[PDB]
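Worksheet: one structure, shown below.
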Amino acid sequence: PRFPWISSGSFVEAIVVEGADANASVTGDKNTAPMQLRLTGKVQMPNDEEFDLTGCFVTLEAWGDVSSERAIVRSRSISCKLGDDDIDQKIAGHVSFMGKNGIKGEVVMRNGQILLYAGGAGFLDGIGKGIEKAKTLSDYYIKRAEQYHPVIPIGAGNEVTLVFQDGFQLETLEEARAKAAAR
Amino acid sequence: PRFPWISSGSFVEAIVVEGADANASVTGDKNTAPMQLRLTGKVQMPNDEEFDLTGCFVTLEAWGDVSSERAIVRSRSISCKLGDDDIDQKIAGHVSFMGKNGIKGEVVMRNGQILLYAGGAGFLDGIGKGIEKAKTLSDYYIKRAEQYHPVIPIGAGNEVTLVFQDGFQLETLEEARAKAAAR
Amino acid sequence: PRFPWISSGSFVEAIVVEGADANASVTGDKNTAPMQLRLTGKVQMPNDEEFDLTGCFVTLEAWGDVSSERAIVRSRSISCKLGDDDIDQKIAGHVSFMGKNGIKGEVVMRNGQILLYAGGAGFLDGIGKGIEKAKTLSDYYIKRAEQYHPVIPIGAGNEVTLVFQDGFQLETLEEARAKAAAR
Amino acid sequence: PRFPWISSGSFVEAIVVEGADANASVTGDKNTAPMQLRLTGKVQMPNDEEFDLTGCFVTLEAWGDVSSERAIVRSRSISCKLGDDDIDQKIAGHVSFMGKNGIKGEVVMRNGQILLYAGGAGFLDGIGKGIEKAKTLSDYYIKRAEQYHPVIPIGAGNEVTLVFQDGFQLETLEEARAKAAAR
Amino acid sequence: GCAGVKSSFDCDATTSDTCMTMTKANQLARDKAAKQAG
Amino acid sequence: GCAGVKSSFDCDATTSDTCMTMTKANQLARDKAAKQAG
Amino acid sequence: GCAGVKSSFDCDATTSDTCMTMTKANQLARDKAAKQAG
Amino acid sequence: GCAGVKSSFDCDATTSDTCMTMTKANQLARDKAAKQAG
Amino acid sequence: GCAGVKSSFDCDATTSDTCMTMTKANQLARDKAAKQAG
């Protein structure tokens, strides 16, 4: 089949081509932000052997978590045209940066001006109540500051390593149509 | 079929022709504001190869989010008349600006005068209550200031890059009618 | 068929003939205010080609939104009599002004006198309660000021560009009756 | 079958290749973070005998617990290509570090700035209430600091020993297809 | 107080509200198209 | 007070909001593609 | 006050947020792969 | 106050968090196995 | 205050927490069994 079996746990060095801002909130797993990277190595296989799969696109998804300032990435699919054929398989892999799981960045929040105004209003309200011997503005500003959620920005052009959690057999589009013609 | 297979993850440099103001509120995904851009490059494909698809219109949709001051864009369809034929396919792509996902702008809000008046009324009310040894105006002004929602404006004539999340086979209108005549 | 296929995303420069005041409230999408414009260009098509469709009427609908001071327009139908034939198709397009989506104006509100009176009554009530060592008028004036809703006025004679979101095949009335005679 | 029976309790010295941050919260067992390690010893078997299985990948899962600053690891599968054959079995093992169960690290928390601000706001509120002869900011900051959860970071390149809790018979892919062809 | 994020669109291009009848706009559209075709 | 974690994106690259018509952007796209092809 | 257990990761290796286009990252990936193969 | 029973593990052997890539750990594992076999 | 009935076990014999690897304990068990058989 001119295509080896990509065993479970093989990894390949890559490089990010499309960054994203990781939606890092209590609900980020459902609001994913697509990234993309492109293979620039040789697939390292368990017994010190490889398979030349370079210059190909694999599309991803992203969502960060705040505790560890990392961006968790779940791969989507692959795309390769080595020769006169096409490739489109689904990959259930992930991406690791500098040894650990998920690419890491610096979490970012924007509620500076709104929070400043809300705090100023609250302080003025407290002293105004105290020194007698506004109030309905503060609740509006809180609800306006509560609709953000911290994000982790990931550039485009950093080095990562994709790793295939579950193994699969690489096949081209035509070999996929032919077996689909059987049943 | 004189038309290659646009694999998953190919991207093309484009330029925005119709801007929009991104509805950036807790409910913006359902109130989309159409944009449009027009292809001015060559479709970059995974193995360093291309397909001349330039001078064509792809219609979009937009809605911003406030945390990351970006405008998320979900493509709608394509339109091409290379030769004496037509093209109208549906594209499930998106648009990325300067490396990251979604075009970025500067979020904009308009509640300046209304909020100024509401705050003034509240402050006057507080001091009037305090110094005794209006009130029903403030609630009206809050409800008038609470019907806006911040928007991110996007000009027309900025450079972006469309990217196809899922691959598809480009076909003309006539080839679509003929296969539709089979079933 | 002497009529090309108006592909998805073609646009034509036009000019507004009937303005309107955009109902810009939390419920404006259901209370639309008709406008109308008239084609004064040549339909720009994706591959730098055109189709002379000038001097024709396309009827619209309008409703504004307050955040971005624009008036969103959803087309209704077209009307053309090039020659001895008629044309009446339904167009699902929209209208863009100066690059971005929807024509922009300046939002307008009228609650000046009523709000002035309500505020005066409230202030007088507060001081009258305070200095003892009217009230039932204020609620009436609020309910009278709460039945307006800001509107965006659009003149008649400004330049816009209609754009067809979804493509269609232009056909005359007679060709429509004949195919309707089949089934 | 050229493959011995890996009895219950055999262990092999390994080395971690992909680290992770252990989700150490009251709900971490369901949000696992994948690791990976690679066999660099000989499988020690109960009666002082071995089986050369070196240079192979075994994929894992992780989740820490806070009381004992350890990261509990539950293996997923194995992958070996000794010769012209493949291996992919499921292993129900675990990993022990320096004698005890689970790799140990140093638990890490990030709520420094947010907690500092919340405490400062509370202290200012208390003294402001006290000395009269803000408040609504504090609850927002608590809810922002309550969405983290301590994590235990594990590098990549530390020495561990995998141990198989339940025994199994090692078999290649082809021997698995053939028996699957019987039923 | 004031709003939060910047309260201004950075390219001000509004519409002109002049009171002209339908027929006058129609004649202007004829003039525009006639000039454009030439 | 202020926010928590750093309130700044570390590469500021915003869009330019200039008011040009659809047709002008179209002509600019033609110019760009024509130059790029050469 | 402050947090509890140590509030620091002991190997700081963050990402670089530079604003380069998709095509530029693509050309960099070609350069990297071409060098690596040689 | 403080905790109750002794708050200390009596053999401190933690992990080293050094930032090395997957491939570097792979090469280290090859070096280790090659030395061990000899 | 304190507890009630005597708070002490009258023969203190605890375990030793030394950090040795699995293989080292294995080699110690071989040494022990080999000595015991002789």
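Reconstructed Cβ throughout: ideal geometry from the backbone, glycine too, with neighbour counts over all protein chains shown. Bear in mind that the values in this text are calculations on the coordinates, not laboratory data.
Could you tell me how far the Cα centroid of segment A:5-63 sits from the Cα centroid of segment B:86-121, in Å?
30 Å
Using a 10 Å cut-off on Cβ to Cβ distances, tally the other chain neighbours for every residue of D:125-133 and report the average as a whole number. Walk me through the numbers before you get to the answer.
Numbers: counts 3, 0, 0, 5, 3, 0, 1, 7, 2.
So the per-residue partner count for this stretch is 2.
Over its Cα atoms, what ratio of radius of gyration to 2.2 N^0.38 Å does the protein assembly as shown give? Spell out each step's value before the answer.
Working: Rg = 34.5 Å, N = 922, 2.2 N^0.38 = 29.4 Å.
Relative to the rule-of-thumb radius for its length, the protein assembly as shown sits at 1.17.
Over segment D:101-161, what portion of Cα pair distances is larger than 13 Å, expressed as a whole percent? Walk me through the numbers before you get to the answer.
Numbers: 1294 of 1830 pairs.
Counting every Cα pair in segment D:101-161, those more than 13 Å apart make up 71 percent.
Once you have the alpha carbon radius of gyration of segment C:4-81, what is it after dividing by 2.2 N^0.38 Å, with N set to its residue count?
On the way: Rg = 14.4 Å, N = 78, 2.2 N^0.38 = 11.5 Å.
Computed over Cα atoms of segment C:4-81, the ratio equals 1.25.
For B:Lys179, go through the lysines and keep the ones whose alpha-carbon is under 30 Å away, minus same-chain ones fewer than eight residues off.
Within reach: A:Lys81, A:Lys90, A:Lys179, B:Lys42, B:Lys81, B:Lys90, C:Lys90, C:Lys179.
Can you tell me the alpha carbon radius of gyration of segment B:36-109 divided by the globular rule-of-thumb value 2.2 N^0.38 Å? Mind dumping the intermediate values first?
Working: Rg = 14.6 Å, N = 74, 2.2 N^0.38 = 11.3 Å.
With N residues counted in segment B:36-109, Rg over 2.2 N^0.38 Å equals 1.30.
Sort shortest first the distances from C:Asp29 to its counterpart in every other copy, using label points 7 Å along the Cα-to-beta-carbon line, and give them in nm.
Between copies, matching label points for C:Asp29 lie 1.6, 3.1, 4.5 nm apart.
For segment B:16-158, with only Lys/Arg (+1) and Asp/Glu (-1) charged at the beta-carbon, what is the dipole magnitude about the Cα centre, in debye rounded to 20?
Working: 16 positive and 19 negative charges, 179 e Å.
Computed about the Cα centre, the dipole is about 860 debye.
Starting from the Cα of G:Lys24, draw a straight line to each of the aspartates and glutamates and keep only those under 17 Å, dropping any in the same chain fewer than 8 residues away.
Hits, sequence-local ones excluded: A:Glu18, A:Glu159, B:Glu13, B:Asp48, B:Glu49, B:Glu50, B:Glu159.
What are the extents of the Cα atoms of chain D along their three principal axes, in Å, largest first?
Largest first, chain D extends 90, 38, 23 Å along its Cα principal axes.
Let's test the formula: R0 of 35 Å, r as the Cβ-Cβ distance of A:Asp85 and H:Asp31. What FRET efficiency results, to the nearest 0.05?
Numbers: r = 39 Å, r/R0 = 1.11.
Given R0 = 35 Å and the Cβ-Cβ separation, E is 0.35.
Of G:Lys35/H:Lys32; D:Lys100/H:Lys6; D:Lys30/D:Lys104, which sit over 22 Å apart, Cα to Cα?
Details: G:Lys35/H:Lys32 28 Å; D:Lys100/H:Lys6 20 Å; D:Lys30/D:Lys104 20 Å.
Violating the 22 Å limit, Cα to Cα: G:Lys35/H:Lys32.
Tabulate in residue order the Karplus-calculated ³J(HN,Hα) for segment A:119-127, using 6.51 cos²θ - 1.76 cosθ + 1.60 with θ = phi - 60°, rounded to whole Hz; enter x for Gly and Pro.
x, x, 4, x, 4, 4, 4, x, 5
What residue of chain G has the nearest C-beta to the axis that moves G onto I, and what is that distance in Å, given as a whole number?
G:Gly1, 43
P(r) tail for segment D:73-132, what percent of Cα pairs lie past 18 Å?
On the way: 1214 of 1770 pairs.
It works out to 69 percent of all Cα pairs.
If you take each beta carbon of peptide C:47-60 and count the beta carbons of other chains within 10 angstrom, what is the mean?
2
Placing the label point 7 Å from Cα along the Cα-to-Cβ direction, what are the distances from D:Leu116 to the equivalent spots in the other copies, shortest first, in nm to one decimal?
The projected label point of D:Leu116 is separated from its counterparts by 1.9, 3.7, 5.3 nm.
Just from its helices, what would the mean residue ellipticity at 222 nm be for chain C, if runs of 4 or more DSSP H residues each count -39500 (n - 2.57) and the sum is divided by every residue, rounded to the nearest 500 deg cm²/dmol? Display every interim value, and only then the final one.
On the way: 3 runs with 39 residues, N = 183.
Theoretical 222 nm ellipticity from helices: -7000 deg cm²/dmol.
Restricting the calculation to Cα positions, tell me the Rg (one decimal) and the Dmax (whole number) of segment C:6-46 in Å.
14.1, 37
Any idea what the B:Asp139 label distances to the other copies are, label 7 Å down the Cα→Cβ vector, nm, shortest first?
Ordered by increasing distance: 1.0, 1.0, 2.0 nm.
Roughly how many whole Å is it from the C-alpha centroid of segment A:135-151 to that of segment F:3-18?
20 Å
Mind checking A:165-175 for the average number of partner chain beta-carbons within 10 Å of each residue's beta-carbon? Don't jump to the answer; show the numbers that get you there.
Values: counts 5, 4, 7, 0, 0, 0, 0, 0, 3, 0, 0.
Counting other chains' Cβ atoms within 10 Å and averaging over A:165-175 gives 2.
Which is farthest toward the positive dipole end of the protein assembly as shown among D:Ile103, A:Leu53, C:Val107, measuring Cα position about the Cα centre, with Cβ charges +1 (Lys, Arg) and -1 (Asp, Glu)?
About the Cα centre, the residue reaching furthest to the positive side is C:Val107.
Which residue is it, in chain B, whose C-beta lies closest to the B-to-D rotation axis, and what is that distance in whole Å?
So the chain B residue sitting closest to the axis is B:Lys133, 22.
On alpha carbon coordinates alone, what is the Rg over Rh value for segment B:82-183, Rh being the Kirkwood radius? Working shown, then result.
On the way: Rg = 27.4 Å, Rh = 19.8 Å.
Taking Rg over the Kirkwood Rh, I get 1.38.
Across segment D:68-83, in residue order, what do the Karplus-derived ³J(HN,Hα) couplings come to in whole Hz, using 6.51 cos²θ - 1.76 cosθ + 1.60 with θ = phi - 60° and x for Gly and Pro?
With the stated coefficients, segment D:68-83 comes to 8, 6, 10, 10, 7, 10, 10, 4, 10, 6, 10, 7, 8, 9, 5, x Hz.
Taking all pairs of distinct Cα atoms, average 1/r, flip it, and tell me the Kirkwood hydrodynamic radius of segment C:130-183 in Å to one decimal place. Walk me through the numbers on the way to the answer.
Working: mean 1/r = 0.0530 Å⁻¹.
For segment C:130-183, inverting the mean 1/r across all distinct Cα pairs yields 18.9 Å.
DSSP loop (so not H, G, I, E, B), at most 16 other Cβ within 10 Å: list which trypsin sites (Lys or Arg not before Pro) in chain H pass both filters.
Details: sites: H:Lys6, H:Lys24, H:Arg30, H:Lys32, H:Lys35; in loops: H:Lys6.
Passing sites in chain H are H:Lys6.
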